[PDB]
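Residue-level listing of the chains:
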Amino acid sequence: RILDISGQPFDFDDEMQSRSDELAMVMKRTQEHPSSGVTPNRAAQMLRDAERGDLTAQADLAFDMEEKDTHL
Amino acid sequence: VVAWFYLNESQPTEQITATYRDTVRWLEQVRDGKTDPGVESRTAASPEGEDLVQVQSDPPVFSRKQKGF
């Protein structure tokens, strides 16, 4: 068994975690664009949700900002 | 009043014509909005009417009700 950096032994698997058949469904995603009609309440709600561990709407919003804004 | 004036078309008296003129003047005042027709005496209730004044605008972003910034 391969020893982890923390010192806890484990088993090494060469196959990716995303290659599992059950995980294949969640791999395909539709990239929504929440930057259409932005509202300060909407942005605040997205940030609040990302604080608790959502991390999805914030990621899509950041992707939209990095392409819509030329200076950024 | 106006029906009685309509009936007395062959020869109208001075008072009947004066009353009809006063009635039509009151009706024009009501139409122009310068006076209220009133409400029925049995219970306080005014007749329903359409919106005389109406404006349209897009939703107000950046208003002080946002409280998000």
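Labelled according to the PDB entry, chain B appears under the name Gene product J, originating from Escherichia phage Mu. In the PDB, the title recorded for this entry is "Neck structure of Escherichia phage Mu".

In the annotation of the PDB entry, chain A is listed under the name Portal protein and assigned to Escherichia phage Mu.

With that settled, the discussion passes to the interface of chain B and chain A. Chain B puts six residues into the contact, and the matching count from chain A is five residues. Across the chain B/chain A interface, buried area totals approximately 370 Å², and carbon plus sulfur atoms make up 55% of it. At the boundary of chain B with chain A, the tally comes to zero salt bridges. Inspection of the region where chain B meets chain A yields one residue pair in polar contact. Among the residues making up the side of chain B that touches chain A, the classes are represented as two nonpolar, two polar and two charged.

Its location among the elements puts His33 of chain A in the loop between α1 (21-27) and α2 (40-52). Taking the C-alpha atoms as reference points, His33 of chain A and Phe63 of chain A, separated by 30 residues in sequence, lie 8.6 Å from one another.

Attention now moves to α2 of chain A. All names here are of chain A. Its 13 residues place the ends of α2 19 Å apart at the C-alpha level, agreeing with the 18 Å of an ideal helix rising 1.5 Å per residue. If you check which residues of α2 are buried, you get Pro40, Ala44, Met46 and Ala50. Down the axis of α2, the sector holding all buried residues measures 160°, keeping them to one side. Packing partners of the buried residues in α2 comprise α3 (57-68). One or two positions beyond α2, positive phi appears at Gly53, with a value near 125°.

Moving on: a nonpolar patch on the surface. On the surface, a cluster of nonpolar side chains totalling about 430 Å² of accessible area is made up of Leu23, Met25, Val26 and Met27 of chain A. In this fold, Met27 of chain A is placed in helix α1.

Here we take up the side chain of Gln66 of chain B. Along the polypeptide, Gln66 of chain B turns up in the segment after α2 (14-32). On the basis of relative accessible area, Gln66 of chain B is assigned to the buried category, the value being 15%. Excluding residues within four positions of it along the chain, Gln66 of chain B makes contact with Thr39, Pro40 and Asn41 of chain A together with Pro60 and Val61 of chain B.

Calculation criteria
- Residues numbered from 1 in each chain as written, not as in the entry; some residues may be left out.
- Chains lettered and ligands numbered in written order.
- Part of a larger assembly, values for the part shown.
- Heavy atoms only, no water.
- Contact = heavy atoms within 4.5 Å.
- Buried area = accessible area lost by both parts, 1.4 Å probe.
- Salt bridge = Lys/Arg side-chain N within 4 Å of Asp/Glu carboxyl O.
- Polar contact = N/O pair within 3.5 Å; in protein donor to acceptor, adjacent residues only side chain to side chain.
- Nonpolar A, V, L, I, M, F, W, Y, C, P; charged D, E, K, R; others polar.
- Helix = DSSP H or I, 4+ residues; strand = E, 2+ residues; numbered from the N terminus.
- Expected span 1.5 Å × (residues − 1).
- Buried < 20%, exposed > 50% of the residue type's maximum accessible area, 1.4 Å probe, protein only.
- Arc of directions from axis to C-beta.
- Patch = residues over 30% accessible without salt bridge, like charges linked within 9 Å, V, L, I, M, F, W, Y side chains within 5 Å.
- Areas by Shrake-Rupley, 256 points an atom, 1.4 Å probe, with all protein chains shown as cover.

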